[PDB]
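# Chains, contacts and geometry: an overview
Here is how the chains run, residue by residue.
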Amino acid sequence: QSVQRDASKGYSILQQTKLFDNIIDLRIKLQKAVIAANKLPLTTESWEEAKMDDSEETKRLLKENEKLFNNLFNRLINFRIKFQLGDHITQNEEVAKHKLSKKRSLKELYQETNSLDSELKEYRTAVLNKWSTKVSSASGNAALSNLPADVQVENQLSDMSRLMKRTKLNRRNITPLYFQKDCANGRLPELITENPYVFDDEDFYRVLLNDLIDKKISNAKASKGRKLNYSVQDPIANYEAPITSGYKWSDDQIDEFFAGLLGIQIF
Amino acid sequence: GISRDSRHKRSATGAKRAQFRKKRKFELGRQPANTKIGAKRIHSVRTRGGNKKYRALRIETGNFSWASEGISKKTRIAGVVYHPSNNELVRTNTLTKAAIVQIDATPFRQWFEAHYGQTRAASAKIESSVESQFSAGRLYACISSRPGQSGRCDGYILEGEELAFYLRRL
Amino acid sequence: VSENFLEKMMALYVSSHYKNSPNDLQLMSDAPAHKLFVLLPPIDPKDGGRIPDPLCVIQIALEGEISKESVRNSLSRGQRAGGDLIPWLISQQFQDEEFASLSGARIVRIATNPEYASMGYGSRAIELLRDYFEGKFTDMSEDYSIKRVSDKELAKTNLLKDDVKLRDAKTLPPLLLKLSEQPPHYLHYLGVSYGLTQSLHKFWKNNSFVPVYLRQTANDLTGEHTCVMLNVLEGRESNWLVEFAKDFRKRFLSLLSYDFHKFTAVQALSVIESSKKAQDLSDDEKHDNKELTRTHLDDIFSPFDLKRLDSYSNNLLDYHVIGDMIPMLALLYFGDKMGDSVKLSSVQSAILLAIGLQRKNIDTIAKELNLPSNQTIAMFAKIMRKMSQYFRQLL
Amino acid sequence: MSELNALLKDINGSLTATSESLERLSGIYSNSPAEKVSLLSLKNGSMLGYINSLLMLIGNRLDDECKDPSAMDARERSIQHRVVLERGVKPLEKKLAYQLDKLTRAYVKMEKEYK
Amino acid sequence: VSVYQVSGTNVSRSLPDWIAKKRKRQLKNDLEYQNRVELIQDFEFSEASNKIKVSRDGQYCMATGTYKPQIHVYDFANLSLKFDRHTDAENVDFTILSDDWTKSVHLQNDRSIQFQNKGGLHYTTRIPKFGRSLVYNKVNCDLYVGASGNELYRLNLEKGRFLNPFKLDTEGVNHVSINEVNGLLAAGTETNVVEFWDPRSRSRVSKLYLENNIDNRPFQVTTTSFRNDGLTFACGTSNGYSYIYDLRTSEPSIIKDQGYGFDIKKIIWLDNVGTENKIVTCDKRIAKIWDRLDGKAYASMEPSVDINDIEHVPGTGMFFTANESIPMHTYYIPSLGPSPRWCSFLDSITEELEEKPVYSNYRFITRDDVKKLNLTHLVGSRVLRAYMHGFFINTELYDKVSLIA
């Protein structure tokens, strides 16, 4: 019985790991979008001038862009409700079910995201504290009593200023459309190479690509003798004599090894 | 110790003939030469009379003839692909007469593009299968010279019914 | 059910031992430090919970955590308190007070099924045991104390009407506990003690243990010299171990003449090799060997001596002529002063170690390595040629 | 072609491709008592939020108005999610990595035995 | 590490040996010709050599030739050819039954087993179908012959009787090998499976399916070999991948890539030499030495001519290799162990020896395979160090791109 629960736990472990890899595939597909977005204009005047170049086609493209975007992010939010529901991250099952049923607007969609991240933060605090204690006890760190993981996350989130700069770093050297015209016109207050407007997660993106890559590596007729004649053959008779010693291993051992070859409450 | 004497065989009637005389020189046979693809290695043989024979123990190059255009070029042999007598000769890349081998297509392609200026049209037309082989980069040819005896491995590129039949057999 | 298992444990525990005494049973049962660890084959659910057989039985004794006051008072008094063998000995041999404070466990005994010796169960057993203390084993699913006989019960029972009974099964914990169920005790090192033999040392060496001490006087009953080997678990300071290992190696080299001349050349060479592996353990460069300085070389050897070595490298000398200087060469090479320029094969190292340190004759090593005497001297000659060429490079 | 039109096409392809893969992923999760590892559950859930925050960074930019071109709010959420994966989740699972591998191996052996 | 070529051709790979014989008369004046040392006289065949083995006693060696197909036997105690003996057809494999050279069995290529006794050809028998390998079971005196067909033939030397042939599930046996400790027979089938058999009974203890993740291509088991420890087991594939298996568990403990994509021709276990954890996996072009535990390369032998067989003199650091060249090469890696007793003074001349030394360290890739892997964009980069007609990549980086591709 103990075997089965462990085996089932592995399936959940595998399922979560497969779930991890799949979502990275989503991130990989989205990668050309984030680079493209960082190339988009930053200001109303640039966008209108961007539309000015091809007004008709851009309007059609913009209409398709808005539809696909809203459909996608409405769908993602549906998964998050289900995902955080299915995994017990959200405790209010009734509220989660109504949200899935109801269709939401863009303003409404942002609100659920705020709600969803808020719930994950509470779950995050509980989970890290639970496992950090468990790891501590296992290693004897409890006996010793190296910061708690939740505390470490709190400190890094406290240093929000440092890490914002990490995003602002323009490693790829992306120039958004009409960036020079917005700079010359003083339409970019933040700036007045590190660009606040360009977002760079390339290092984070590469590390995810590597980890996915390494895991894949780690897991990965009678004539001419054509009919056999069983007669005695004199010249080869008694050609060599068998050794009386036999196999150096004892027979029972040899029999044993072959069998396994190729693979009070006591417990 | 190989012999070609007809005495050790049985008669037509089935009688087991007795040994008349010890083995003689004029009834000699020598060990076979298992020609293989590899750096040209030839061992000479002093045969009956002043004549001489060359054994092609290893060889990589041969003269091959395109009969349709009546041309001959020296080409490298890539490997044995099919051999009518036995297939374990096909496996070990053993080279012998009638073997079907794959030869490099470069010089024939060069000659063709030179002579006809194509990669007028009617003459330049060639069999579709041969053209596909050119696109592949290797051509199917049949060895027509006995490597064991003369020491060379010349042959001809397959074509027509030859080519259809052997491609089917492949 | 427990008793059936205890008999199986003693069978494995007693099999290897030459002559076991019944004290050790009391020793296992009552000692608070001692713990017992059993490797078991995979359990088949079809077996209906039959009392399984033990393949490898390990007994560990927790030791250390000695106050820096007590060690000094005892060391000056020269008195050895009972227990804590490895701390007290290593404290004496090195006069280090910091080691006695560290928390460690001595592997009192390891035994495997003799029918199954030499197939990797014993090694597997140690590998898990280290992982148990290191902290790898954790429970993922989100008490084992037994209530003692209360004083109230003792007063309410009379000698005549005492009903002495086995403890009720609900009270008793399970016989076998999964590693994750029981937390470990925090430890810095794991130590062993065993008579030095080629097989055993090869086993310990493969398990990443490091020698730190070797008793000079062979045990009378066995003819073997007691050896102590230490290992440091991941995540703990490793400096103190490395200093001992370096210090021991120097001690071993000089003593090869005195009382370890008996050891086979290969056997002795292994001991140095095992200790050197400790150096590779420390990826730091704070402690490194120092190459021979030109001033140091002049004090060790006179220029004529270097010339004399040079002549031998050119074959213009008899072998006996250079007999004087070899032992000094041996210490410099095995002290690693010579540096990266001079490196030798295993056969050459054994030959040099023999003549230089064991003080054995060339003829004896020719037998001991089963080589012709002529080939031995030749291989020796190439060694001097490398050393001579090096001394030329320094100059 | 305008630079925007080529870019807008690039986004259009991604959003379609991402949506279809999401549709596949939602089906398999919907297809799935089995209890999951909470730490890994957070790990998946957190990085899901990271993608959402990235999309809000895309969404903020895609707007022609561009009231928040820096996408500071979307940045902070991506910042919050990224930290948990790198600083919190990763050290713990490395400690737990040994026991994880043992269990997954155990099932695969049983699954091999069953077949 | 230092590898010395005691004997063997020392010309360019492009230069064939026979011209060196023609150059030999012209270069007689050259001093190096006088100084060069040949260890065994006539240690050479007319055109090529097929197999090489050393008698158990340690004083005699035997070899086979291409034309005229012949059988040298070398006497180490005299550093000389003892006798050459011609045959009817070229050799495919043989074994030396006796401890000395006197007693041997040779499986030719015309499907005939010839029993060579000391005097001369004793008896010639024929197996039903073509043979590919030959092993001898000292315990039962039963000689086992691999065959193109499924059935694995059995010949009993004691009884002088063909016995019931074993029946394999698949057709084609490329190599057979008998574990000394246990008697387990391993049969290397053409398909990617190795079938184990019990000799005392006649059964199939189990079949191991070889799985390579890197390359989806089909591969054939070409060689097998049991270590004296009686537990570990080695396999070769036609894709140039050498596996080390602990028999008990189905998973491959280590997979090492030779990287030239050539079939593995022999595996030798260097346990006897000391520092037991080493192994040799010999290819058509390279014989690499590496350690069984870590997989790190120890030494490599890179002869100028194709390797057909390699042999290790027990208890010593010497290696013989039968090549497609006129001379058979002899190597000597001093680090492994002492020179053999008969080569007592080989150490003396080490400096005069050639001392031959990237190619073993990295994985070789053809131009076409680069296209298959979409690595064209890196051509000219420091990752791709081009040699000959192909490009070298780090083995780890090769594993990465292949799975992605």
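Residues numbered from 1 in each chain as written, not as in the entry; some residues may be left out. Chains lettered and ligands numbered in written order. Part of a larger assembly, values for the part shown. Heavy atoms only, no water. Residues with missing side-chain atoms left out of burial classes, pairs and counts.

Judging from the entry metadata, cryo-EM is the method by which this structure was determined, and 3.71 Å is the reported resolution.

The next point concerns the overall build of chain D. Within chain D, the regular secondary structure consists of 3 helices and 0 strands. Relative to its length of 115 residues, chain D is extended, with a C-alpha radius of gyration of 20 Å against a globular reference of 13 Å. With the C-alpha coordinates aligned to their principal axes, the bounding extent of chain D is approximately 60 × 35 × 25 Å. (Helix = DSSP H or I, 4+ residues; strand = E, 2+ residues; numbered from the N terminus. Rg over C-alpha atoms; globule rule 2.2 N^0.38 Å.)

Of all 6 pairs of chains in contact, the one with the most contacts involves chains A and E. What separates chain A from chain B at the closest point of their C-alpha atoms is a distance of 13 Å, and the two make no contact. Between chain B and chain D there is no contact, and the shortest C-alpha to C-alpha distance separating them is 37 Å. (Contact = heavy atoms within 4.5 Å.)

Take the packing of aromatic side chains next. Each ring, one from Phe165(B) and one from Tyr166(B), has its centre 5.0 Å from the other, and the planes form 80°; the classification is edge-to-face. Consider the rings of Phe94(C) and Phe244(C), whose centres lie 4.0 Å apart with planes at 25°: the pair is stacked. Clustering of aromatic rings is evident, with ring pairs tying together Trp66(B), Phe108(B), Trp111(B), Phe112(B), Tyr116(B) and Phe134(B). Over the aromatic face of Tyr239(A) sits the side chain of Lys103(E), whose NZ or CZ is 3.2 Å from the ring centroid. (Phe/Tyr/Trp six-rings, centres within 6.5 Å; stacked < 30°, edge-to-face > 60°. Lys NZ or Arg CZ within 6 Å of the ring centre and 35° of its normal.)

Looking now at the domain arrangement of chain B. Interfaces are frequently sized by the accessible area removed from exposure as the parts join. What the domain assignment reports for chain B is domain 1 (1-30) and domain 2 (31-105 + 138-170). Computed over C-alpha atoms only, the centres of domain 1 of chain B and domain 2 of chain B are separated by 32 Å. (Domains from an automatic or database assignment.)

Of the residues lining the interface, 13 residues belong to chain C; the matching set on chain E comes to 17 residues. Here the side of chain C that touches chain E gets 5 residues from one element, more than from any other, and that element is helix α16 (residues 373-394) of chain C.

Residue and element names in this part refer to chain E. Position of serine 300 relative to the elements: it lies in strand β26 (residues 297-301). Among the polar contacts listed, one links the side chain of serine 300 to the side chain of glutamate 302, at a separation of 2.5 Å. Polar contacts involving the side chain of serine 300 include one to the side chain of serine 360, which spans 3.3 Å. Leaving out residues up to four positions away in the same chain, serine 300 has contacts with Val3, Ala287, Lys288 and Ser360. (Polar contact = N/O pair within 3.5 Å; in protein donor to acceptor, adjacent residues only side chain to side chain.)

Further remarks concern the interface of chain E and chain A. Contact residues are listed per partner, giving 48 residues for chain E and 33 residues for chain A. Listed by contribution, the elements that provide at least two residues to the side of chain E that touches chain A are β8 (112-116), β9 (121-126), β10 (131-137), β13 (161-162), β17 (193-198) and β18 (203-209) of chain E. The greatest single-element share of the side of chain E that touches chain A, amounting to 4 residues, is contributed by β9(E). Residues belonging to the side of chain E that touches chain A are distributed by class as follows: 22 nonpolar, 15 polar and 11 charged. (Nonpolar A, V, L, I, M, F, W, Y, C, P; charged D, E, K, R; others polar.)

Here we take up unusual backbone geometry. With an omega dihedral of -10°, the bond running from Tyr67(E) to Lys68(E) counts as a cis peptide bond. With respect to the element layout, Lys68(E) can be found in the loop between β3 (60-65) and β4 (70-75). The backbone of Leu262(A) sits at a positive phi, close to 55°, despite the residue not being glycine. Following the sequence through the fold, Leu262(A) ends up in the segment after α11 (251-259). Positioned with a positive phi, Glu355(E) is a non-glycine residue whose angle comes to about 60°. Position of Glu355(E) among the secondary structure elements: in the loop between β29 (329-332) and β30 (363-366).

Moving on: the packing of helix α9 (residues 239-255) of chain C against helix α10 (residues 265-281) of chain C. Residue and element names in this part refer to chain C. Contact pair α9 / α10: the axes reach a minimum separation of 9 Å and the direction vectors enclose 155°. As judged from the angle between their axes, α9 and α10 are roughly antiparallel. Viewed along their axes, α9 and α10 form a crossing whose handedness is left-handed. Residue-level inspection shows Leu241, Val242, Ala245, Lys246, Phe248, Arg249, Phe252 and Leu253 of α9 in contact with α10, the latter providing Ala268, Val271, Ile272, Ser275, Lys276, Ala278 and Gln279. Looking at the contact of α9 with α10 residue by residue, the classes come out as 10 nonpolar, 2 polar and 3 charged. (Axes fitted to C-alpha atoms, helices over the stretch in contact; angles between N-to-C directions. Parallel < 35°, antiparallel > 145°, perpendicular 65-115°, else oblique. Left-handed = near helix turned anticlockwise from the far one by under 90°.)

Residue and element names in this part refer to chain B. Sheet topology places strand β6 (residues 61-66) next to strand β7 (residues 71-82); 6 bridges connect them, and they run antiparallel. Its bridge partner being in β7, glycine 62 is matched across the sheet by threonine 75. The turn joining β6 and β7, which pair antiparallel and follow one another in sequence, is formed by 4 residues; a positive phi near 60° is taken by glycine 70. The sheet contact formed by β6 and strand β11 (residues 155-157) spans 2 bridges and is parallel. Residue pairing across strands places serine 65 opposite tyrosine 156, the latter belonging to β11. (Pairing = 2+ DSSP bridges.)

What follows concerns the pattern of salt bridges. All names here are of chain E. For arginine 363, the salt bridge is made with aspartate 257, and the minimal N-O distance between the two is 3.8 Å. We note a salt bridge from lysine 265 to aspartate 263, for which the minimum N-O separation is 3.2 Å. Residues joined by salt bridges that share partners form a network here, namely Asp169, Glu195, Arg204 and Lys207. (Salt bridge = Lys/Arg side-chain N within 4 Å of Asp/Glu carboxyl O.)

Across a regular strand the side chains alternate sides, sitting on one face of the sheet and then on the other. Residues and elements named next belong to chain C. Direction of pairing for strand β3 (residues 103-112) relative to strand β4 (residues 189-195): parallel, over a ladder of 4 bridges. Within β4, the position partnered with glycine 104 by the bridge is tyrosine 189. Pairing analysis gives 7 bridges linking β4 to strand β6 (residues 226-232), with the strands arranged antiparallel. Within the sheet, the bridge partner assigned to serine 193 lies in β6 and is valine 228.

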